[PDB]
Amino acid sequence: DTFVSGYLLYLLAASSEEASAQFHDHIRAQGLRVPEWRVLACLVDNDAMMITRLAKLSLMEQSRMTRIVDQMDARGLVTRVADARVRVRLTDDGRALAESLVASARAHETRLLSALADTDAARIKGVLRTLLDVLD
């Protein structure tokens, strides 16, 4: 067949797009942007994060990430942790919202993993885990 159709980078990028599409539809409906949800997703377990780590987890440039975090701050979702390497945490409202979104994310993920269970892709998660490990 053709180059693109079998190219690893294409297959990765298309997958991530198509797999994310439905959940991103949901975020959009909630009036939220994808980067905003990712910040929420990162902060749900952790108590506080440096904007620089938030950027790396969210796959964004530092400054774009901070424009976003500032907006969430203004809205009351997120706050700066006081100090004497700044860190950022969910507010209560932030934490409520993150929690209900992470719930949806998980259910949507389970829907998909189920659909994959019979197939070749059943262990997609370890596979990708392996990939990132190698890519390090």
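Counting begins at 1, following the sequence as shown.
Checklist entry - Which class fits the unmodelled deposited stretch between residue 84 and residue 85: none, 1 to 3, 4 to 9, or 10 or more? => result In the record, 4 to 9 residues between residue 84 and residue 85 lack coordinates.
Next on the checklist: Please compare 65-73 with 41-49 and say which has the higher mean C-alpha temperature factor in the record.
Outcome noted: Per the deposited B-factors, the answer is 41-49.
Item to check | Stretch with the greater mean C-alpha B-factor as recorded in the entry, comparing 105-113 against 24-32 | outcome: Averaging CA B-factors over each stretch, the winner is 105-113.
Next on the checklist: Is residue 17 in the lowest, middle or highest third of its chain when residues are ranked by C-alpha B-factor?
Outcome noted: Lowest third.
Checklist entry - Lowest, middle or highest third: where is residue 11 by Cα B-factor in its chain? => result Lowest third of the chain for residue 11's C-alpha B-factor.
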